[PDB]
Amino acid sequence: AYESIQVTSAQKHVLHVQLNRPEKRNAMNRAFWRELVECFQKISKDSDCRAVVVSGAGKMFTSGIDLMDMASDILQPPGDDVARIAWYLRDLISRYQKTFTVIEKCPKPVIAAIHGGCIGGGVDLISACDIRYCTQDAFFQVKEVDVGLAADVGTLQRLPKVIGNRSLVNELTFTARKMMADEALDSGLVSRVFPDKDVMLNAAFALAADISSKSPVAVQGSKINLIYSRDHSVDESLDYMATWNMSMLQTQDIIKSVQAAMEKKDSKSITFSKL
C-alpha cells in the first residue's frame, strides 16, 4: 500500500495522485522517492488511464524534502574514501531524479494542481508535469540553495524549459525567494489561477476529463513528440515524428473521427479503444 501518496480513480480514465502526509505538509520522506516511481510506472502501463491529476492533501501542496532523511542520506554516506562516497551519491541522486522523470516518461498528460506552498522538491515535481494550475494563495520556491545544495532532481533541468523568462529563473534559483501566484501566472509557470482549492480541482478534473475524451493515441503521441521536440533540433524532431506517425496514423481513432464528421456527429460522442 502506498504510505506517502494516495491514488484514486477520479472519474473514467482519470487517476488522482495525491501527496498524502498532511500532518507534515506532504514532506518528501525517503520512501516517497520510491513510491512515486512505482506509482507512475504503473500508470504508464495502465491502458485505462488517459490523464493524471496531482495534488496535495491538507493545507499545502508540499513543504519539500524531509530534512532529517536528507541528512541521513547525504551526511551519513557509506564509503571509505571520497571516491567511494561519490559512487554511492551518484546512484542516490540518479534514483531520486527518477521520482520526477517517471512523470515526464508517462505518456499520459499529467496536471499539477497546486494550493499553498510548493517548496523545493515541489518545484522539481511540478516542472516535470505537463500542465500547472494553482490557487490564489499558492507560492513556489526553488529552496535548495538555502539548504546548501544546487537542486538536483529536475528543477534546474526543466524549470527553464517550461517558462521563458530566464532572468526570473536565475533570480529564483540563486536567492531561493518565494514566487506568489500572481507572478507565477505572469511568468507562465502556471497557466490558470483559481480562488480556492475546490474550484481549482473541479477545473483540473474537468480538463483531465476533456483530454480523456480525445483519442489516446493522438494525445499520448502528442506528449511523446512534444518532449522529444524540446530536446532535439526541429529537423531531427520532424524526422522522428514521421517515423512515429508512420504507424500511429494507422488507427481506427482517425477512421472513427472521419466517420463522425461525415455523419455530422460531434467528436466527443466517439468511443476510443484502450491504450
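Just count from 1 along the sequence shown to find any residue number.
J.: Select between 12-20 and 260-268 the stretch whose C-alpha atoms have the higher average B-factor in the entry.
T.: Between 260-268 and 12-20, it is 260-268 that shows the higher mean C-alpha B-factor.
J.: What stretch has the higher average Cα B-factor here, 112-120 or 194-202?
T.: Higher mean C-alpha B-factor: 194-202.
J.: Tell me, please, which of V102, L92, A71, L159 has the highest C-alpha B factor according to the deposited entry?
T.: Highest CA B-factor of the listed options: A71.
J.: Whose CA atom has the top B-factor in the entry, of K59, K223, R50, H232?
T.: Answer for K59, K223, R50, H232: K59, with the highest C-alpha B-factor.
J.: Pull the Cα B-factor of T175 out of the PDB entry and bin it into the chain's lowest, middle or highest third.
T.: Ranked within chain, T175 CA B lands in the middle tercile.
J.: Sorting the chain's CA B-factors, does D80 end up in the lowest, middle or highest third?
T.: Highest third, going by the recorded CA B-factors of the chain.
J.: Just say lowest, middle or highest third for the CA B-factor of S44 relative to the other modelled residues in its chain.
T.: Ranked within chain, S44 CA B lands in the highest tercile.
J.: Grab the CA temperature factor for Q97 from the record and place it in the lowest, middle or highest third of its chain.
T.: It belongs to the lowest third of the chain when residues are ordered by C-alpha B-factor.
J.: Relative to the other modelled residues in the chain, which third contains the C-alpha temperature factor of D66: lowest, middle or highest?
T.: According to the entry, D66 has a C-alpha B-factor in the chain's highest third.
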